[PDB]
Amino acid sequence: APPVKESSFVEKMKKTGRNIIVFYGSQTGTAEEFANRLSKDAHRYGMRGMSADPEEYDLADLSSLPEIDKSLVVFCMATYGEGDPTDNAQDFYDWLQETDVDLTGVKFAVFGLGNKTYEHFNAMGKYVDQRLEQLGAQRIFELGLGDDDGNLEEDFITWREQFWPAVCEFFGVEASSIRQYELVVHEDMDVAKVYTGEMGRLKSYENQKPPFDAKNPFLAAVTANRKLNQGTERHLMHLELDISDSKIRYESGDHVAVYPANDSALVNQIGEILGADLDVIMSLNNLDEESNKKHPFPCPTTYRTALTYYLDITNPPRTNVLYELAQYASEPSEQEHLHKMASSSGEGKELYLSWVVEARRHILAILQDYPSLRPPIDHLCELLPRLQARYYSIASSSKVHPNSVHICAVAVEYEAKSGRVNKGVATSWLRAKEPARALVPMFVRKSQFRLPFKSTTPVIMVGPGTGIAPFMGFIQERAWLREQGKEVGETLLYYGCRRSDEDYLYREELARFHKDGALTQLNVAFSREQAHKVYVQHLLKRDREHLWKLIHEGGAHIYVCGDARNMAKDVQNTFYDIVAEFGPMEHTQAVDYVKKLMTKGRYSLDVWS
Ligand SMILES: Cc1cc2nc3c(=O)[nH]c(=O)nc-3n(C[C@H](O)[C@H](O)[C@H](O)COP(=O)(O)OP(=O)(O)OC[C@H]3O[C@@H](n4cnc5c(N)ncnc54)[C@H](O)[C@@H]3O)c2cc1C
Ligand SMILES: Cc1cc2nc3c(=O)[nH]c(=O)nc-3n(C[C@H](O)[C@H](O)[C@H](O)COP(=O)(O)O)c2cc1C
Ligand SMILES: Nc1ncnc2c1ncn2[C@@H]1O[C@H](CO)[C@@H](O)[C@H]1OP(=O)(O)O
């Protein structure tokens with residue numbers, strides 16, 4: 001960055017006969033997928049659309065959109081940490097805040113993607129919807145607020161079903177399977193031109209050249225991969241990735257992303273059940289010669305490679321995918337069930353929610369349970385979403401391990417109501433990496449989760465379970481700072497696990513840090529060692545007096561890592577209670593006080609799932 005912007009999107013629409021453009025603010029591909037669905041929808045209403053990444057354009061050109069008759073712009077925007085825009089929407093967000101351009105004549109609609117388990121729920125979607133109106137544009141349809149904590153796919157379905165009629169009524173317009181790509185099989189292909197799993201340029205995995213990032217991941221050697229937990233209820237692991245000579249920089253608190261490979265057995269079974277040759281070399285070429293998206297993923301390549309490295313074959317298929325696949329089910333009842341999965345209500349929706357989503361049925365499961373469903377492999381590859389990278393909180397300090405990035409994760413393996421055992425893609429793949437050479441394509445994503453600039457500032461870390469991850473780096477660093485002869489303030493860890501002899505992660509290492517004084521306190525809540533639950537917040541409440549002292553008089557920084565659904569909220573509530581008792585102040589003021597700590601960078605979060 002800064003990336004070189006494409007030419008005016010309005011002129012592109014004029015040259016290609018498009019009247020609707022749908023921008024996506026996305027990081028995990030959800031909003032991008034929703035934008036593509038809306039763009040494709042345009043055709044069924046006598047219109048023509050295109051989806052677009054805002055980062056590739058100058059949104060100031062919106063002021064020219066009215067030059068196209070019956071034009072409209074839709075924004076599908078997801079929100080990230082602290083109500084910020086997705087990385088690809090930062091330029092647009094800053095422009096909205098700074099600009100004063102008049103958007104009179106512009107017609108817009110916004111669908112926001114968020115999750116109610118966060119403070120700033122759909123902050124981006126809300127901001128864009130508000131700002132465009134302030135700039136003079138006119139809203140054509142109500143803001144959509146999708147919540148990933150319930151069911152986002154359904155929120156989109158409901159919104160979309162009302163959106164189009166509204167557009168048709170306003171513009172006075174009125175309302176067959178179509179493919180975006182064409183299959184080209186390559187019979188005499190030179191092996192040197194066939195992709196084999198790389199993400200960017202051909203052979204970029206074999207021939208590595210910095211700088212390394214999301215488009216050019218560095219293949220890091222797995223130098224260590226060991227089981228962290230004592231018991232066998234689950235599998236928790238510690239991996240060390242060698243980033244020597246990658247020139248990659250990182251700090252404790254940052255995240256490492258990895259591009260995994262799907263289970264080979266699963267890939268094989270999909271090809272097997274479809275009666276397809278997975279080793280066929282081919283390309284899926286966009287039927288729209290004007291679009292910059294030439295292929296759905298790196299091509300040419302084999303179906304096996306696409307299914308292994310480029311496509312998501314484990315998450316429940318979205319309704320549009322099942323809708324398009326229905327045409328390939330020869331049993332009427334099965335074609336009907338698949339068709340109705342896109343319903344906004346009734347039994348069709350109920351079935352999608354229970355049989356597909358709740359049961360966690362992936363594509364192969366559906367092909368097995370609806371045996372008449374036998375789609376051509378090429379169309380299936382065009383429908384499946386892209387395989388996303390997985391993020392992990394770096395468990396090492398670059399002050400201590402500048403050439404190694406550590407990872408602490410729990411392997412995902414569970415019983416699904418679908419009747420099968422589902423395996424986590426990234427963790428199963430990581431678990432199988434054996435030192436001596438096992439390579440892991442990765443890159444680092446800078447975060448704002450960081451130790452205080454001043455070594456003297458107190459630190460309160462709360463990270464039960466895998467939430468301990470970033471704190472191992474924090475502690476290594478604070479330990480290093482002391483060893484370097486600096487004045488280090490109190491460093492407190494509030495950790496938690498089920499039992500000391502089951503899953504007390506880094507037990508030995510933490511004991512050492514404690515003994516040496518790197519950890520002023522090592523408070524551990526063993527949730528299952530007694531009849532009642534003992535959690536980290538119970539220990540925080542226990543130490544309320546001292547914590548208030550560190551917070552209100554010591555300028556302590558609070559860090560919470562791990563489970564975002566329940567733990568983070570329970571911990572936040574405990575801090576509210578501590579402030580309310582020691583301020584003293586009413587609950588309402590204690591809440592503002594704590595939320596202020598967040599805005600002032602003294603209460604940071606690294607929570608997920
Ligand atoms: C910023 C950030 C930091 C993270 N840090 C870490 C970290 O340091 N350590 C770590 O372990 N993880 C961390 N993660 C989570 C990590 O990115 C992956 O989501 C996790 O490792 C699982 O990935 P996977 O590919 O193995 O599983 P996937 O194949 O992606 O499957 C994950 C999905 O399985 C489903 N699922 C899991 N259990 C069940 C169940 N029992 N019943 C029904 N559905 C279930 C859920 O839909 C879950 O989303 C972090 C995530 C984020 C966003
Ligand atoms: C690290 C992380 C931080 C998030 N922060 C927020 C947030 O502050 N507010 C919100 O409403 N949703 C938040 N979400 C939820 C996403 O907005 C939601 O899952 C969205 O569907 C993701 O879309 P994408 O796949 O197109 O990026 C967060 C998700 C992750 C993984
Ligand atoms: N709501 C919550 N608040 C704090 N810790 C929680 C929690 N829910 C579960 N935990 C605990 O976090 C640790 C890592 O998962 C476990 O000890 C788990 O205990 P439990 O599983 O026995 O409930």
Side-chain angles (χ1 to χ4, degrees), residues 24-35 76-84 86-88 112-126 145-149 152 234 236-237 255-258 260 262 312 314-316 357-360 362 387-395 407-417 422-431 445 447 449 462-470 495-499 502-503 505 525-528 533-538 561-564 566-571 574 605-609:
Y24 50 86
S26 190
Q27 294 196 188
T28 314
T30 305
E32 179 173 301
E33 218 48 88
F34 286 162
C76 289
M77 318 297 288
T79 298
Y80 276 77
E82 292 175 291
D84 296 308
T86 53
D87 296 320
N88 84 309
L113 293 78
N115 185 315
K116 286 194 181 69
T117 71
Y118 295 79
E119 178 61 56
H120 311 76
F121 173 60
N122 269 306
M124 183 66 279
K126 293 179 182 180
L145 297 176
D147 173 20
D148 201 44
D149 182 58
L152 181 55
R234 313 147 77 198
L236 286 122
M237 58 194 174
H255 294 106
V256 53
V258 306
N262 282 310
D312 180 332
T314 49
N315 290 311
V357 189
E358 174 63 12
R360 293 288 305 183
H362 41 59
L387 182 59
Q388 303 296 316
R390 269 69 166 160
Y391 295 79
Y392 295 92
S393 303
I394 302 179
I407 291 178
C408 171
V410 57
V412 180
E413 182 170 352
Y414 62 95
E415 311 172 307
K417 283 187 174 182
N422 282 176
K423 304 285 294 304
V425 179
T427 57
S428 298
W429 173 74
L430 286 174
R431 181 180 185 171
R445 185 182 191 302
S447 75
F449 198 77
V462 188
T466 54
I468 187 67
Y495 171 63
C497 61
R498 301 180 182 181
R499 297 186 177 73
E502 179 66 37
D503 53 6
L505 313 173
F526 297 112
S527 66
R528 308 187 180 188
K533 295 297 192 182
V534 178
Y535 295 149
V536 290
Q537 57 266 37
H538 296 142
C561 179
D563 177 64
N566 296 88
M567 184 278 285
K569 297 275 63 63
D570 289 333
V571 167
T574 293
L605 293 165
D606 182 19
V607 291
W608 63 84
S609 192

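All values below come from the heavy atoms of this structure, side chains included, with hydrogens, waters and symmetry mates left out. Numbers for residues simply follow the sequence, beginning at 1. Counting starts at 1 for both ligands and their atoms, in listed order.
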Exercise. Do any N/O atoms on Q537 end up under 3.5 angstrom from N/O atoms on ligand 3?
Worked result: yes

Exercise. Short list, please: which atoms of ligand 1 are under 4.0 Å from a heavy atom of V410?
Worked result: 11 (O)

Seminar exercise, completed: Here the gap from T574 atom OG1 to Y535 atom OH, rounded to the nearest 0.5 Å, amounts to 12.5 Å

Problem set entry | Any residue meeting side-chain contact (heavy atoms from CB on, under 4.5 Å) with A469, in chain and number order, not counting sequence neighbours | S393, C408

Problem set entry | Those atoms of ligand 1 less than 4.0 Å from some heavy atom in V412 | 22 (C), 37 (C)

Problem set entry | Minimum side-chain heavy-atom gap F121-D149 below 4.5 Å | no

Seminar exercise, completed: Among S447, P260, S393, the residue with a heavy atom nearest to atom 8 (O) of ligand 1 is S393

For this session: For ligand 3, note which part of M567 has a heavy atom under 4.0 Å away: side chain, backbone, both or neither.
Result: both

For this session: Please determine if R390 has a nitrogen or oxygen closer than 3.5 Å to a nitrogen or oxygen of ligand 1.
Result: yes

Exercise. Taking N or O atoms only and a 3.5 Å limit, does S527 qualify as a polar contact for ligand 3?
Worked result: yes

Exercise. Which option out of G562, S609, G424 puts a heavy atom nearest to atom 27 (O) of ligand 1?
Worked result: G424

For this session: Ignoring hydrogens, just give me the one of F526, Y495, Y535 whose non-hydrogen atom is nearest atom 9 (C) of ligand 3.
Result: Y535

Exercise. If hydrogens are left out, which of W608, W429, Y414 has an atom nearest to atom 38 (N) of ligand 1, that is, the closest non-hydrogen atom?
Worked result: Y414

Seminar exercise, completed: Sorted by chain and residue number, the residues with a non-hydrogen atom under 4.0 Å of ligand 2 are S26, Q27, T28, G29, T30, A31, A78, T79, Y80, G81, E82, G83, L113, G114, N115, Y118, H120, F121, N122, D148, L152

Problem set entry | atom 32 (C) of ligand 1 within contact range, any protein heavy atom under 4.0 Å | no

Problem set entry | Closest to atom 13 (C) of ligand 3 (judged by heavy-atom distance), picking from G562, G496, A525, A568 | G496

